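Working notes for the structure below.
Position 1 is the first residue of the sequence, and the numbers go up from there.
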Amino acid sequence: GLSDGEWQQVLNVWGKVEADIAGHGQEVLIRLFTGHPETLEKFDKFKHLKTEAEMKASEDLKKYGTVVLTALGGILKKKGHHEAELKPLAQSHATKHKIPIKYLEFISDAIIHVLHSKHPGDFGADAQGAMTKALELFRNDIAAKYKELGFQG
Ligand code: HEM
């Protein structure tokens, strides 16, 4: 439930993500996996990566890092009109990957952090404002969707 103003903000800030998607993304996931060792077990793909280095050295993680941030990017552009984009990802993240709504909070926090370390001084307060809001409005809907399939509650 954001406005144009805050949307513009989400789009502009995102414009920084675009310039280097695999970069932002590698790190997004690397933070997640490091700060929450438990998330990495849901990936038969990266369960092996013990070290953070072994994580940086891996191009597999870069690649997914891309899928991740491009689909997300795809949704933000919809400006809340993302029912179409969200669902498939809700069901898939729910019934198949079995991703607890809290894992979506972890990563949501992953982004916001990454945006800073990566852009220290150009990720203004109103931008952070805007960035939290859409990740929220996005968490919200998955959750609405997750209550449906009755996954964790
Ligand atoms: C903005 C949040 C996320 C987005 C947009 C996203 C997007 C995607 C997409 C597009 C796929 C491939 C197609 C599909 O299976 O539907 C996928 C697969 C997957 N998702 Fe995510 N994802 C997100 C966060 C997470 C999180 C936090 C976890 C759990 C730690 C997770 C677990 C997985 C796994 C394990 C796969 C498949 C692994 C494999 O390829 O073997 N996702 N995700």
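Remark: the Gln8 side chain and the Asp4 side chain contain an N/O donor-acceptor pair separated by less than 3.5 Å. Side-chain contact, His116 with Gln128: a donor N or O sits under 3.5 Å from an acceptor N or O.
Neither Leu11 nor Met131 shares a network with the other; the hydrophobic side chains, linked directly or stepwise wherever heavy atoms of I, L, V, M, F, W or Y lie under 4.5 Å apart, form separate groups for each. Note on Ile21: it does not cluster hydrophobically with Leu89, by side-chain heavy-atom contacts below 4.5 Å among ILVMFWY residues.
At most 12 non-hydrogen atoms from other residues, nucleotides or ligands lie less than 6.0 angstrom from NZ of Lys62. Heavy atoms of other residues, nucleotides or ligands lying less than 6.0 angstrom from NZ of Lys16 number more than 12. At most 12 heavy atoms of other shown residues, nucleotides or ligands fall within 6.0 angstrom of atom NZ in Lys56. Within 6.0 Å of the NZ atom in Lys77, the count of heavy atoms belonging to other residues, nucleotides or ligands exceeds 12.
Closest non-hydrogen pair, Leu32 versus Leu29, comes out as CB-O, 3.2 Å. Across all non-hydrogen atoms, the minimal contact from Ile101 to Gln152 is N-OE1, 2.7 Å. When every heavy atom of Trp7 is checked against every heavy atom of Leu2, the shortest pair comes out as NE1-CB, 3.8 Å. In plain terms, the two heavy atoms of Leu149 and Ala94 that are nearest each other are CD1-CB, 3.5 Å. Considering all non-hydrogen atoms of both residues, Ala22 and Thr66 come closest at CB-OG1, 3.8 Å. In this structure, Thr39 and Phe106 approach most closely via the heavy-atom pair CG2-CD1, 4.3 Å.
To the nearest 0.5 Å, atoms NZ (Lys79) and CD (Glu6) are separated by 12.5 Å. The CD atom of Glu54 sits 12.0 Å away from the CD atom of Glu52 when rounded to the nearest 0.5 Å. A distance of 5.5 Å separates NE2 of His48 from OG of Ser58, quoted to the nearest 0.5 Å. We find the CD-CD1 distance between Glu83 and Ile75 to be 10.5 Å, quoted to the nearest 0.5 Å. Separation of atoms CZ (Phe33) and CD (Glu41) is listed at 10.5 Å; rounding is to 0.5 Å. The distance from atom CG of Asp60 to atom NZ of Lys63, rounded to the nearest 0.5 Å, is 6.5 Å.
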Determine, step by step, whether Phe43 and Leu61 satisfy the side chain to side chain contact (heavy atoms under 4.5 Å, CB included) criterion, reporting the C-alpha distance in whole Å, the side-chain angles of both residues, the deciding distance to 0.1 Å, and the verdict.
CA-CA 10 Å; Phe43 293 94; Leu61 196 38; over 6 Å; no
Report the C-alpha distance between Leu135 and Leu104 in whole Å, list the side-chain angles of each, state the deciding distance to 0.1 Å, and finish with yes or no for side chain to side chain contact (heavy atoms under 4.5 Å, CB included).
CA-CA 9 Å; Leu135 288 186; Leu104 256 142; over 6 Å; no
With side chain to side chain contact (heavy atoms under 4.5 Å, CB included) as the test, would you mind laying out the steps for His119 and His24 before giving the verdict?
CA-CA 10 Å; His119 323 277; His24 293 99; 3.0 Å; yes
Residues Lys78, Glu85; criterion side chain to side chain contact (heavy atoms under 4.5 Å, CB included); working and verdict
CA-CA 9 Å; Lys78 278 283 157 94; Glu85 294 61 23; 2.7 Å; yes
Show your reasoning for whether salt bridge (charged side-chain N to carboxylate O under 4.0 Å, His left out) applies to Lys133 and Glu136.
CA-CA 5 Å; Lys133 218 148 186 321; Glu136 266 161 9; over 6 Å; no
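Taking the side chain as every heavy atom from C-beta outward, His93 and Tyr146 approach each other to under 4.5 Å. Taking the side chain as every heavy atom from C-beta outward, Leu115 and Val17 approach each other to under 4.5 Å. Taking 4.5 Å as the limit, every side-chain heavy atom of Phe46 sits out of range of all side-chain heavy atoms of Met55. Put simply, the side chain of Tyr103 reaches to within 4.5 Å of the side chain of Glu38, judged on heavy atoms.
In this structure a side-chain-to-backbone donor-acceptor pair under 3.5 Å is missing from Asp126 to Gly129. Using a distance-only test at 3.5 Å, with no hydrogens or angles considered, a donor-acceptor pair links the side chain of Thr34 to the main chain of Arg31. A donor-acceptor pair under 3.5 Å is absent between the side-chain atoms of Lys42 and the main chain of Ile99, judged by distance alone.
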